[PDB]
Structures are given as structure tokens and as C-alpha cells.
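In what follows, a single structure is set out as C-alpha cells and then discussed.
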Amino acid sequence: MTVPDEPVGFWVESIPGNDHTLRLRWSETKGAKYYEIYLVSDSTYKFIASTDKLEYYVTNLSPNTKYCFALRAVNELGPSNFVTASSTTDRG
């Protein structure tokens with residue numbers, strides 16, 4: 001078997017009225033047992049969370065700030081490549 005497919009449809013969306021949260025969403029992914037989410041900052045990745053959901057709310061962000069995330073799917077053989085998406089938190 002292989003590492004999972006790369007996820008598709010990875011979108012990061014703002015939450016109007018919430019200046020400290022972004023909503024991450026992605027499609028179910030062939031071969032995936034779970035997904036890992038990272039914050040991409042100045043060309044380095046910071047771990048956020050592992051989940052078997054298809055969406056995740058990243059809380060405790062600063063207002064009016066663009067965040068880029070990297071998402072990958074994982075199984076027992078290893079991880080998929082990353083897909084990326086970004087958005088800006090509400091101004092508050």
C-alpha cells in the first residue's frame with residue numbers, strides 16, 4: 001500500500017465576528033487515517049493539531065492577520081504531501 005492521496009479542496013475561511021479563529025475544511029482523502037495541520041510562518045511549519053475530522057477550527061489567533069496553513073493526510077505507511085491555503089482573521 002501507499003501513503004494517502006494529497007487532500008483536495010483544502011480551504012481556510014474567515015469567521016466574521018470572530019477575530020481570533022479560522023475555519024479549515026477539506027475533502028475526505030483516499031487512504032487517510034487522519035490529518036495533520038500546520039501553521040506556515042516565514043517558511044517554517046508549526047504543529048497545530050491532528051484530527052480524523054474533515055474540518056478544524058484553529059482558535060487563539062491574532063486579529064486582522066493572514067495565516068497560511070499546510071494540511072496532509074497520514075496512514076500507517078506515512079504522510080501525503082502538503083496542500084496549502086490561507087485567509088485573514090476578522091478585524092475585531
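Residue numbers start at 1 in each chain; chains themselves are named A, B, ... in the order of the C-alpha cells; ligands are numbered from 1 in the order shown.
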Set the distance at 8 Å and use only C-alpha atoms: which residues neighbour range 26-33 of chain A once local chain neighbours fewer than 6 positions away are removed? I'd like the list as a PDB file with N, CA and C atoms, in the first residue's frame.
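Final output, around_0.pdb:
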ATOM      1  N   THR A   2       0.270   2.405  -0.183  1.00  0.00           N
ATOM      2  CA  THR A   2       0.958   3.683  -0.299  1.00  0.00           C
ATOM      3  C   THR A   2       0.499   4.636   0.798  1.00  0.00           C
ATOM      4  N   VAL A   3       1.249   5.726   0.955  1.00  0.00           N
ATOM      5  CA  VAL A   3       0.812   6.857   1.770  1.00  0.00           C
ATOM      6  C   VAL A   3      -0.461   7.395   1.128  1.00  0.00           C
ATOM      7  N   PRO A   4      -1.298   8.145   1.844  1.00  0.00           N
ATOM      8  CA  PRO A   4      -2.589   8.563   1.283  1.00  0.00           C
ATOM      9  C   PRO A   4      -2.412   9.535   0.125  1.00  0.00           C
ATOM     10  N   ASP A   5      -3.511   9.735  -0.611  1.00  0.00           N
ATOM     11  CA  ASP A   5      -3.618  10.816  -1.586  1.00  0.00           C
ATOM     12  C   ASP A   5      -3.354  12.162  -0.910  1.00  0.00           C
ATOM     13  N   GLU A   6      -2.925  13.143  -1.694  1.00  0.00           N
ATOM     14  CA  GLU A   6      -2.954  14.507  -1.186  1.00  0.00           C
ATOM     15  C   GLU A   6      -4.406  14.957  -1.083  1.00  0.00           C
ATOM     16  N   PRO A   7      -4.794  15.603   0.021  1.00  0.00           N
ATOM     17  CA  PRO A   7      -6.159  16.121   0.119  1.00  0.00           C
ATOM     18  C   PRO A   7      -6.406  17.170  -0.950  1.00  0.00           C
ATOM     19  N   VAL A   8      -7.677  17.311  -1.329  1.00  0.00           N
ATOM     20  CA  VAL A   8      -8.108  18.335  -2.269  1.00  0.00           C
ATOM     21  C   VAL A   8      -9.225  19.130  -1.623  1.00  0.00           C
ATOM     22  N   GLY A   9      -9.446  20.328  -2.152  1.00  0.00           N
ATOM     23  CA  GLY A   9     -10.461  21.181  -1.577  1.00  0.00           C
ATOM     24  C   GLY A   9     -10.092  21.730  -0.218  1.00  0.00           C
ATOM     25  N   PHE A  10      -8.805  21.891   0.062  1.00  0.00           N
ATOM     26  CA  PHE A  10      -8.401  22.474   1.335  1.00  0.00           C
ATOM     27  C   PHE A  10      -8.658  23.975   1.274  1.00  0.00           C
ATOM     28  N   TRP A  11      -9.616  24.451   2.066  1.00  0.00           N
ATOM     29  CA  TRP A  11      -9.946  25.868   2.146  1.00  0.00           C
ATOM     30  C   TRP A  11      -9.814  26.350   3.584  1.00  0.00           C
ATOM     31  N   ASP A  52      -9.105  13.320  12.907  1.00  0.00           N
ATOM     32  CA  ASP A  52      -9.773  12.495  11.909  1.00  0.00           C
ATOM     33  C   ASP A  52     -11.049  13.146  11.379  1.00  0.00           C
ATOM     34  N   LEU A  54     -12.964  16.234   9.071  1.00  0.00           N
ATOM     35  CA  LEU A  54     -12.739  16.855   7.773  1.00  0.00           C
ATOM     36  C   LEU A  54     -12.766  18.371   7.877  1.00  0.00           C
ATOM     37  N   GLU A  55     -12.712  18.897   9.090  1.00  0.00           N
ATOM     38  CA  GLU A  55     -12.657  20.332   9.279  1.00  0.00           C
ATOM     39  C   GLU A  55     -12.127  20.563  10.674  1.00  0.00           C
ATOM     40  N   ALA A  73      -2.523  14.289   4.799  1.00  0.00           N
ATOM     41  CA  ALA A  73      -3.166  13.068   5.260  1.00  0.00           C
ATOM     42  C   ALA A  73      -2.103  12.040   5.615  1.00  0.00           C
ATOM     43  N   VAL A  74      -2.425  11.181   6.582  1.00  0.00           N
ATOM     44  CA  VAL A  74      -1.462  10.219   7.112  1.00  0.00           C
ATOM     45  C   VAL A  74      -2.109   8.844   7.242  1.00  0.00           C
ATOM     46  N   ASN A  75      -1.322   7.804   6.956  1.00  0.00           N
ATOM     47  CA  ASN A  75      -1.697   6.435   7.272  1.00  0.00           C
ATOM     48  C   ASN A  75      -0.451   5.719   7.781  1.00  0.00           C
ATOM     49  N   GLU A  76      -0.578   4.401   7.959  1.00  0.00           N
ATOM     50  CA  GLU A  76       0.491   3.592   8.539  1.00  0.00           C
ATOM     51  C   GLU A  76       1.742   3.554   7.668  1.00  0.00           C
TER      52      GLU A  76
END
### Task
Would you mind telling me which residue in A:24, A:59, A:42, A:53 lies nearest to residue 84 in chain A when using only C-alpha atoms?
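Answer, going by the shortest atom-to-atom distance: A:24.
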### Query
Which polymer residues have any atom within 6 Å of an atom of range 65-69 of chain A, counting only C-alpha atoms, with same-chain residues fewer than 3 positions away left out, as a ChimeraX atom specification?
/A:38-40,84-89
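Of the listed residues A:37, A:58, A:49, A:12, the one whose atoms come nearest to residue 72 in chain A is A:37, with distances taken using only C-alpha atoms.
With only C-alpha atoms as the atoms that count, the minimum distance from residue 19 in chain A to the choices A:44, A:56, A:35, A:92 is reached by A:92.
The shortest atom-to-atom distance to residue 78 in chain A, with only C-alpha atoms taken into account, belongs to A:34 out of A:13, A:23, A:34, A:18.
The space separating CA of residue 91 in chain A from CA of residue 15 in chain A comes to 10.2 Å.
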